[PDB]
Every structure is written in structure tokens, then in C-alpha cells.
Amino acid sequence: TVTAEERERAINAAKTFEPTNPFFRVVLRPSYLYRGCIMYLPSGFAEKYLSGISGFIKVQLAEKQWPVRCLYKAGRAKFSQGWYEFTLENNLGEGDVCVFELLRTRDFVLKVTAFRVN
């Protein structure tokens, strides 16, 4: 069981972290956490940094990388294929808070730091 206090704690820890690279934060919720699901990235961040992002990008957690399809189309960036599997293989669940930062690499790499509830 996840308590309300744990949720508040994890969100506060995530909010304290301020990467030097461009970043956004997202609290994982159930509609993002099942096989075949999608997840839209924040629209402002997507417009500023992810125009022309296409195809399988690298999502990195603890120096391991997962392929996640990220398509920017009709004004929104959407994760699809590979996103759920990234969360499952990293034992991420609802309430965990992920900070995604855009690394200074040739291709698109989003590095995740997870602030886990339990």
C-alpha cells in the first residue's frame, strides 16, 4: 500500500531536484502504466526541445537504456511502444515520480531519475 504521506514525500524530493539539462517531471499514474498504453509528454517541453523527434529514442535509468517510440505529430509528443516495458523492467509503479532530463548527446536521450514512493 502507498500512503498519502509517501506520495507527498516523493513529490517533494522530485521537486527539489533541478537538473542542469532541460527537464520535466511526471508522477506515474495508472493510465500510463499498462501494456499498449501511451503517454503524452508536456506540450511546452515538447515544442521547445522535441520537434522532429521520431522513432525509437533512448530512455536511460541507472546507465541502462530502453527503446521507447516517441513521435511528435500534430503538435504533441507521445510515447508508445516500449514505454510500458521500460516501467515494468525498472519496477516503476503508480505514485513514483520520474524526472526526465534531455542529455547533451548527438541523438535523443532522456535520462530518468526516479523518486519512488515505497
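Note that residue numbering follows the sequence shown and begins at 1.
S.K.: Per the entry, where is the mean C-alpha temperature factor higher: 41-49 or 22-30?
M.R.: Between 22-30 and 41-49, it is 41-49 that shows the higher mean C-alpha B-factor.
S.K.: Do the C-alpha atoms of 105-113 or of 11-19 have the higher average B factor in the entry?
M.R.: Averaged over C-alpha atoms, the B-factors run higher in 105-113.
S.K.: Between 67, 36, 55, 75, which one tops the list for Cα B-factor in this entry?
M.R.: Across 67, 36, 55, 75, the entry lists the biggest C-alpha B-factor for 75.
S.K.: Relative to the other modelled residues of the same chain, rank the CA B-factor of residue 63 and answer lowest, middle or highest third.
M.R.: Ranked within chain, residue 63 CA B lands in the highest tercile.
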